Trainee: 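Below are the structure tokens for one structure; questions will follow.
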Amino acid sequence: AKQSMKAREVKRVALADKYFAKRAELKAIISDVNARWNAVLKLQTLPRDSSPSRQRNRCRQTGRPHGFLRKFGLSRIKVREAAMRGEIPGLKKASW
Amino acid sequence: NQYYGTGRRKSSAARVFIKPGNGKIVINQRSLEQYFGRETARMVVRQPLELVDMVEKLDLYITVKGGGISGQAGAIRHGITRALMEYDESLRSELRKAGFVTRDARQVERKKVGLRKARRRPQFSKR
Amino acid sequence: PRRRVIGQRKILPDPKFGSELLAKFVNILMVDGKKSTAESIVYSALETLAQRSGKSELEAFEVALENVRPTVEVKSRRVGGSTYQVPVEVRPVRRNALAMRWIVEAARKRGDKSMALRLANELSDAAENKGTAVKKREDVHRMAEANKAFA
Amino acid sequence: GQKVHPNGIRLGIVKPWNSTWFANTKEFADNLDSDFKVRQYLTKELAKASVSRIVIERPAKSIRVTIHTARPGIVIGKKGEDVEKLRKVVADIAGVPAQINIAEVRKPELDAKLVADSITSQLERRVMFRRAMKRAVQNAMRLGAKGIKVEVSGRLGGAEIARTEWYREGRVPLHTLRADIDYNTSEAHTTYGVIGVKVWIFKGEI
Amino acid sequence: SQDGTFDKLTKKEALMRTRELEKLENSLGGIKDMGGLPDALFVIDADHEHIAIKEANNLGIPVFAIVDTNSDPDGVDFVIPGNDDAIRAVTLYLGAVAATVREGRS
Amino acid sequence: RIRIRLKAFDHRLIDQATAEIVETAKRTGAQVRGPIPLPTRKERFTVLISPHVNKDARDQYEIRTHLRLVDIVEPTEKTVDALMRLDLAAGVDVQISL
RNA sequence: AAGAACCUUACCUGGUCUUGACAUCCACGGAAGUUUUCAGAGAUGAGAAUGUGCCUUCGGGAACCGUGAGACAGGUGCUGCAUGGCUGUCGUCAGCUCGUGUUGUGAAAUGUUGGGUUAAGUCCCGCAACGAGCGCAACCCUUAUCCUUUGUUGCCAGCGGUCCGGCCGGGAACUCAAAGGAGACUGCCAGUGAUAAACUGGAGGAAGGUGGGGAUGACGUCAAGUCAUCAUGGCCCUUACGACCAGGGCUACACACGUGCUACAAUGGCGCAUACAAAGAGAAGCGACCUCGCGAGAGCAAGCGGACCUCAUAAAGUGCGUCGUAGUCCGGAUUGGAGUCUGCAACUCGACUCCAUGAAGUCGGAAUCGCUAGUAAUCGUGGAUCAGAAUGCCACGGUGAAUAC
Ligand SMILES: [Mg+2]
Ligand SMILES: [Mg+2]
Ligand SMILES: [Mg+2]
Ligand SMILES: [Mg+2]
Ligand SMILES: [Mg+2]
Ligand SMILES: [Mg+2]
Ligand SMILES: [Mg+2]
Ligand SMILES: [Mg+2]
Ligand SMILES: [Mg+2]
Ligand SMILES: [Mg+2]
Ligand SMILES: [Mg+2]
Ligand SMILES: [Mg+2]
Ligand SMILES: [Mg+2]
Ligand SMILES: [Mg+2]
Ligand SMILES: [Mg+2]
Ligand SMILES: [Mg+2]
Ligand SMILES: [Mg+2]
Ligand SMILES: [Mg+2]
Ligand SMILES: [Mg+2]
Ligand SMILES: [Mg+2]
Ligand SMILES: [Mg+2]
Ligand SMILES: [Mg+2]
Ligand SMILES: [Mg+2]
Ligand SMILES: [Mg+2]
Ligand SMILES: [Mg+2]
Ligand SMILES: [Mg+2]
Ligand SMILES: [Mg+2]
Ligand SMILES: [Mg+2]
Ligand SMILES: [Mg+2]
Ligand SMILES: [Mg+2]
Ligand SMILES: [Mg+2]
């Protein structure tokens, strides 16, 4: 689905895991109640794609943004067509 | 000695114990009067004992969990009638006509897709 | 109803008096599925009725009902290509069911303070043949007499 | 479209699963993507080898990968040359040590997938569709197969209006859950567009 | 009915099988051991067995019939005018035809 | 003493795996304290089956996770030594810790 | 669309790039990488440090980065009246057909019509039809009863003493958990029925007549929906209909319709006290206890990959007290001030908290919708999507009707 979009997502994931998850000290540790100075808050020149809250979480195969499921990593339709052929262990048609 | 019956009704499961003593009542370490004595379904527990006269001739100790008032009361009643086999099967004959031994299987229906709740359907317009 | 003639579903008697008839009455008065609230209201109303009219609860209730029970009602036949409103005798079970419904409906529209009072006033003047429920019964009856020509 | 997948509906009753590994939510998606990555590579690499299906399991930190094929001779090549190449590439894709097993399928004309690949292959070669399906139906009934049933669809014979024109012989009880119904699909890519093929094959009732 | 599966499975499936069996017996009985088309037909009544006569004529099989006054010839290769209703008369025909066929190739 | 908890997606496979562990422990030692089922998880999903609109058209799937626990109380060396390398696992997960 | 502040996002205004953001190949250059400075809204340009990991009869190499030309790459651009796949609908309605035979010059008919019966083309009988297939039913999941096996992190009936807490030895009973079995089949009785199918009633039984619910959707119809999930014939653009960036819009607002939430109150509002569930989720996560804050929350910090810990006190309900039929101690919209969090960033445009403010609304015309039992009505709880965000969606239980002549 417009693999140009897919290129944008992979780039963001690369930046996010490169900068953040270890610059988290800049955000949380310092912007705390130490007892201040806005220097740490002022240092937010990061690429702006390093923020983890900018990844859209697309489907692995087709790449559509909507109808995603975390458990399988696929969209609703790709989950369905893979489930009916097997592939996904343990999935059945539920009824009760 | 003591006799037992399980009893179940609408998500509620009970445990009933019968002894041949006075007419004392205790439910889950409390009294029937204190548990649901004067509120809804107060006599439901008494029904299995109003017939085949009680007076003061059976000690009753039970414990229940799951459900709600009415369910738990119904679960108890099923336990009483199922454990009230003390007098062999003779009293079961009139117990059937009362209609207490029959376990009441009336669970809540699931909610289906496209429906608002179970059988309630969303409002519809033609034009 | 198209095919199968059906049986009946039973109900538990009144805990106070063990009357199926009164249990149905409270059950008709019930709204939103609150039996405790309903039985509380009726018990308050009937005891007030008893001390008002002496006697006892059951006969006080019976006299209220027998004054509003309808014996005949009108129904739409529509067999001859025309809108005919023919009278038909009412069944016993339906006869009292209509009475209780009319009584509750009349009490609901009264203007007293507490619903318990509203029932007490309605059940009292029902025994005296001047309540709105009694007015409905005679309204239904007179319509049946007007259309007596069809049968 | 108002017919359930005959494979999925049977997936618990008679039809086995096609992947039998276990995982928690943490790596479930990763395992699923790896399986898909492996499957599409093998099916593309073994296009001429007539592979019925690929079964992938991950027992105790590994990948097995069983290939059901009708011509294991050239799947395995000489001794173990080519199969080793597949195992080496598969292990690279999955990121874990890998083995590989080959399961010969007797009666290749009784396998739903293989039949569909044959029809779509002929169809891309411009064989008249009516005779391709009839041949598939008849030579399948010739070998057991109580219920062969095939169906092509979409721009048949280079027309302008699409149509289906299915055939069946025998009995195909799609509504009985314990009927061993082997079902699979395939598609041709002719110059006039895409033609879809579906084949149902019935076997014993249990 | 005697050696295979006749008792297994519910009595309900047993009784349906038997009643189904007798349905075949009384519908197509002695014809069971034929194994081919016949060489001749013998019909007690003609207008009552016209379907059988017509099928025989279609296939070119000789037909011998007892034709009553109400019946129709011209479908029959060998007509036998005679009452076909009386029990005594029909037995007479069957006995005479039975006797002449007892003598086979001899 | 040593707790083994097995989980898999099918009960007919979990049952035989545990039955294998209990019997090997029983024959290689004493007591072997017993497998217990304890509750199983039902994880449900719901997905629209159409590629476009048709909200009311959808199907429901579920994954059942069966869980078992043995809890062998024998510290016998002949039992702990043989307990591992007895996987026979085709999609069943193991935890060894107490 | 199972979740638009940035992103998502395509759309608009500007700033930019042109074998390119994404892929293979050729040649050239360089490990890759990591840390920092200036200009810019940013994309991007200009710089400075630092590292140089594995091969090499060495035109070169493999994972990796820049430079040049090409084949190319790219398109959420058009065509669902060219298609695959998938889906709605008549409709879970009981029908739709075929082989051989026969009838008719032929289109065709028969079978599949008729007498009964059924939820059913279900079954029985008859019959120029004899058989078969797809449908119905059954096999599948769940729920209702019982038995066997194991008994934790689940349970506590009989025993001992206890801080009165299954808490503690202990117990395998019981509830319960999850595997394997039993059971319901018009099976037994009576009556009716052609003495058949079947129907009515009765016993027993937890359940009786396909016990309840679900999955299951025949041949086909609507050139029905989707080229934007994906794939795909044809056509179209290729310094642009491709690619990157900042801001904005999709949240507009004289209006018209659909679906919902909250109400208009005394079967109630408010204050205090207090009892009874089910089903789920949790590691970038759920987050006890304790302290602080009126509050949203903040600080410190256990436990938990979870029958153990957390989310997490269920609410209707029941006891007292007050309100006394008023636009009210109903209703909560709207608005001013002050805050808590998520997030680089809450103006456009988030949720929630405190104080103040207190619209309409007093049961709604014509017309019209849902529902036959644990159903309608009513009360709460959880999950997906998800940093943040439901009155929607999908699930769970509590209370629980009226009426079918
Ligand atoms: Mg694409
Ligand atoms: Mg987001
Ligand atoms: Mg509910
Ligand atoms: Mg469907
Ligand atoms: Mg869990
Ligand atoms: Mg933007
Ligand atoms: Mg935007
Ligand atoms: Mg521009
Ligand atoms: Mg179309
Ligand atoms: Mg449509
Ligand atoms: Mg002819
Ligand atoms: Mg027909
Ligand atoms: Mg016909
Ligand atoms: Mg008929
Ligand atoms: Mg049939
Ligand atoms: Mg017939
Ligand atoms: Mg003690
Ligand atoms: Mg009966
Ligand atoms: Mg069916
Ligand atoms: Mg169209
Ligand atoms: Mg359109
Ligand atoms: Mg479009
Ligand atoms: Mg919008
Ligand atoms: Mg208020
Ligand atoms: Mg305020
Ligand atoms: Mg006003
Ligand atoms: Mg008022
Ligand atoms: Mg109905
Ligand atoms: Mg609700
Ligand atoms: Mg959640
Ligand atoms: Mg959220």
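Reminder, nothing fancy here: chain letters follow the sequence lines and each chain counts from 1. Computed from heavy atoms alone, side chains included, the values below leave out hydrogens, waters and symmetry copies.
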Trainee: Between D:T25 and A:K71, does the side chain to side chain donor-acceptor pair (under 3.5 Å) criterion hold? Intermediate values first, please.
Mentor: CA-CA 6 Å; D:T25 292; A:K71 176 77 164 179; 2.8 Å; yes
Trainee: Between protein and nucleotides 226-246 of chain G, map the contacts as a letter string: B base, S sugar-phosphate only, - none, heavy atoms under 4.0 Å, written 5' to 3'.
Mentor: B--BSSSS---------SSS-
Trainee: Tell me if the side-chain of B:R110 makes a donor-acceptor pair with the base of G:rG212, cut-off 3.5 Å, by modelled atom types.
Mentor: no
Trainee: If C1'-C2'-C3'-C4' is positive it's north, if negative it's south, so which is the sugar of G:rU92?
Mentor: south
Trainee: Assign each of F:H11 and C:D112 to its nearest nucleotide of RNA chain G by heavy atoms, then name whichever residue's nucleotide is nearer the 5' end.
Mentor: F:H11
Trainee: If we call a positive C1'-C2'-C3'-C4' torsion north and a negative one south, what is the sugar of G:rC174?
Mentor: north
Trainee: Checking C:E105 now: which residues fulfil side-chain contact (heavy atoms from CB on, under 4.5 Å) with it, not counting sequence neighbours?
Mentor: C:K109
Trainee: Taking only residues at least two apart or on different chains, which pairs with a member in residues 50-60 of chain F satisfy salt bridge (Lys or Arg N to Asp or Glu O under 4.0 Å)?
Mentor: A:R80-F:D59
Trainee: If the condition is side-chain contact (heavy atoms from CB on, under 4.5 Å), which residues does B:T6 pass it with, not counting sequence neighbours?
Mentor: B:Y4, B:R8, B:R82
Trainee: Can you tell if the side chain of C:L29 reaches within under 4.5 Å of the side chain of C:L119, non-hydrogen atoms only?
Mentor: yes
Trainee: With C:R101, which residues qualify under salt bridge (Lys or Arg N to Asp or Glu O under 4.0 Å), at least two apart?
Mentor: none
Trainee: Among G:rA377, G:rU8, G:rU372, find the nucleotide with the atom closest to the side chain of A:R56.
Mentor: G:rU8
Trainee: Anything under 3.5 Å between a protein N or O and an N or O of nucleotides 281-283 of chain G, put it in a table, one pair a line.
Mentor:
unit_1	atom_1	unit_2	atom_2	d
G:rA281	OP1	F:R41	NE	3.4
G:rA281	OP1	F:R41	NH2	3.0
G:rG282	OP2	F:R41	NH2	3.1

Trainee: Of the candidate nucleotides G:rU186, G:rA196, G:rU152, which contains the atom at the shortest distance from the side chain of F:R33?
Mentor: G:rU152
Trainee: Where does G:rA46 land, syn or anti, given syn is within 90° of 0?
Mentor: anti
